Amino acid sequence: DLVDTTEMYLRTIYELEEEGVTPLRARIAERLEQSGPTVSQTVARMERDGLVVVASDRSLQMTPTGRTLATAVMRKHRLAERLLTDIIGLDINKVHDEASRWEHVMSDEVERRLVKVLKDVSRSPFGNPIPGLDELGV
Amino acid sequence: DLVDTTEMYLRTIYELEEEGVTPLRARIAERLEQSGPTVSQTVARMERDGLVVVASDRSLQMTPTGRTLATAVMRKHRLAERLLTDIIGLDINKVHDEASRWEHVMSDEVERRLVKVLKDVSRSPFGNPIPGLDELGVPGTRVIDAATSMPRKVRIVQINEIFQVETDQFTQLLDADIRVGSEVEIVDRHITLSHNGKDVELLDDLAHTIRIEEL
């Protein structure tokens, strides 16, 4: 799915960044169990969409819109993980894969509601903080 | 997405059925806001998939498999609706659309949990009863599948010793006090069962028949 794929690509990139890593197409490939030609196919579309630029050093620099989208997707991913552990009580071992799905179908409206209902949205159950809360308007 | 389109088509047929409407393609197309030609291509694709048959009247009859799936999708959809209003507090005017997306991503694991965390899952906030709860287990899973590579504790739903030809481990099980209703640690390694200090590494046939459900 075009958007879901792109949303996944940008979240992955965002993570690499978080990990102190350089977002390289090869990294995304092996991180997304992806085939190089495929990552190129996708990044290429993403580039035409103005979401990412492959720096002259062959690294991936997310354009401002790209980064805003990556952050939104990460925010939703983490608010999903919070709901899943805090409220639903889903197995901690199942929380991440479930959240990677929900990140594509959770609306901003649900996010704001969770910001209001969750006890703490500072960080995900996994230790990383929840980005973009300000941009959400919460 | 082929899967998501099918789930959506199946849930749509379920709603028309539930509304007392005939599941006709023109109806589904109107509902889904898709052209009749598209729904035709999708339903044909679903027939080859054995999910539906176009009856005499040109109505769509869901085969037992299509109905089982339609029911599951309608179940996640409504449980998502109860989660959205009962807990998240999402504007009632936005609960339907949100649920129609969430129905495709919610795992059964999340459903069994919601059933435990929600106050009442009889019907949706929209009046319709929540289907397939019995089939959600809210029998079990053949321990061969459920047996995770991680030593997890579960609950014996059924032993199925009547279908068993190899009675070798019948006492092995009794000795380890492993019976229906027993919480036992299962893990993939051959599959071993664990209870009352005694372990029971099962063989193929017993693995395919002992059915466990999450505690």
Side-chain angles (χ1 to χ4, degrees), chain A residues 33 84-85 88-101, chain B residues 3 7 49-51 63-76 79 103-118 121 130-141 143-148 151-188 191-212:
Chain A
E33 330 109 4
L84 289 171
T85 39
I88 306 183
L90 173 64
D91 178 20
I92 191 55
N93 293 292
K94 293 280 195 161
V95 174
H96 187 82
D97 286 3
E98 183 88 44
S100 298
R101 257 180 269 138
Chain B
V3 190
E7 295 184 340
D49 200 6
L51 298 169
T63 58
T65 32
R67 184 167 299 284
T68 288
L69 180 58
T71 302
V73 179
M74 188 58 112
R75 196 186 55 226
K76 300 160 184 297
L79 274 171
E103 71 185 28
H104 306 301
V105 307
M106 287 193 18
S107 64
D108 301 347
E109 304 87 87
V110 169
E111 297 191 85
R112 294 176 194 108
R113 291 300 308 150
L114 279 178
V115 172
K116 281 181 160 190
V117 313
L118 287 167
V121 299
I130 303 186
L133 289 168
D134 286 344
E135 300 93 296
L136 178 57
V138 295
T141 318
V143 80
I144 180 189
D145 304 313
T148 307
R152 165 189 60 121
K153 171 153 294 301
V154 299
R155 186 194 81 266
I156 298 289
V157 186
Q158 52 187 113
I159 308 291
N160 284 331
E161 348 89 278
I162 190 169
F163 309 127
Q164 311 310 307
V165 182
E166 296 298 314
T167 58
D168 314 312
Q169 315 179 266
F170 277 15
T171 299
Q172 192 178 4
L173 299 165
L174 281 170
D175 281 344
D177 300 285
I178 297 184
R179 301 177 187 137
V180 174
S182 299
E183 257 78 47
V184 297
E185 177 173 285
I186 66 169
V187 55
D188 178 69
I191 296 173
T192 294
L193 304 205
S194 306
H195 182 74
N196 265 61
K198 240 67 77 70
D199 294 61
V200 184
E201 191 174 277
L202 307 174
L203 310 176
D204 277 44
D205 292 78
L206 275 181
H208 289 51
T209 48
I210 291 190
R211 313 204 77 173
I212 65 93

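Note on naming: letters A, B, ... go to the chains in the order of the sequence lines (proteins, then strands), and numbering restarts at 1 for each one.
Here the closest heavy-atom approach between residue B:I191 and residue B:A147 is recorded as CD1-CB, 3.5 Å. Residues B:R113 and A:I88 share a closest heavy-atom pair of NE-O, 2.9 Å. Across all non-hydrogen atoms, the minimal contact from B:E183 to B:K153 is O-NZ, 3.0 Å. Considering all non-hydrogen atoms of both residues, B:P131 and B:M74 come closest at CG-CG, 3.8 Å. For B:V157 against B:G140, the heavy-atom pair with the smallest separation is CG2-CA, 4.0 Å. The nearest pair of heavy atoms linking B:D177 to B:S182 is O-OG, 3.3 Å.
Atom CD1 of B:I178 sits about 7.5 Å away from atom CD1 of B:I210, to the nearest 0.5 Å. In this structure, the separation between CD1 on B:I156 and CD1 on B:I212 is 7.5 Å, given to the nearest 0.5 Å. Atom CG of residue B:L174 and atom CD1 of residue B:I159 lie 9.0 Å apart, to the nearest 0.5 angstrom. A distance of 11.0 Å separates CG of B:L133 from OG1 of B:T71, quoted to the nearest 0.5 Å. Going from atom CG of B:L203 over to atom NE2 of B:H208 covers 11.5 Å, rounded to the nearest 0.5 Å. Rounding to the nearest 0.5 Å places CG of B:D175 at 10.0 Å from CG of B:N196.
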Side chain to side chain contact (heavy atoms under 4.5 Å, CB included), that's the test. Do B:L136 and B:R112 meet it? Break it down for me. CA-CA 7 Å; B:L136 178 57; B:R112 294 176 194 108; 3.8 Å; yes
Apply side chain to side chain contact (heavy atoms under 4.5 Å, CB included) to residues B:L206 and B:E161 and explain how you reach the verdict. CA-CA 8 Å; B:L206 275 181; B:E161 348 89 278; over 6 Å; no
B:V121 vs B:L79, test: side chain to side chain contact (heavy atoms under 4.5 Å, CB included). Steps then yes/no. CA-CA 7 Å; B:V121 299; B:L79 274 171; 3.7 Å; yes
Please lay out, stage by stage, how B:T209 and B:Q164 fare under the test side chain to side chain donor-acceptor pair (under 3.5 Å). CA-CA 8 Å; B:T209 48; B:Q164 311 310 307; 2.6 Å; yes
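Within the 4.5 Å cutoff, no side-chain heavy atoms of B:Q172 are placed close to those of B:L193. Using a 4.5 Å heavy-atom threshold, the side chains of B:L173 and B:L202 count as touching. Two residues are said to be in side-chain contact when any heavy atoms from C-beta on lie closer than 4.5 Å; B:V184 and B:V154 meet this criterion. At least one side-chain heavy atom of B:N160 sits under 4.5 Å from a side-chain heavy atom of B:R211.
Every pair passing salt bridge (charged side-chain N to carboxylate O under 4.0 Å, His left out) that includes a residue from residues 91-100 of chain A is listed here, sequence neighbours excluded: A:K94-B:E109, A:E98-A:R101.
Not a single salt bridge (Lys or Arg N to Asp or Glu O under 4.0 Å) links B:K198 to another residue, sequence neighbours left out.
With B:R152 contributing its side chain and B:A146 its backbone, the two residues share a donor-acceptor pair below 3.5 Å. Within the 3.5 Å criterion, the main-chain N or O of B:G50 finds a donor-acceptor partner in the side chain of B:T63. Between the side chain of B:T68 and the backbone N or O of B:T65, no donor-acceptor pair lies under 3.5 Å. With hydrogens and angles ignored, the 3.5 Å screen pairs a side-chain donor or acceptor of B:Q169 with a backbone N or O of B:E201.
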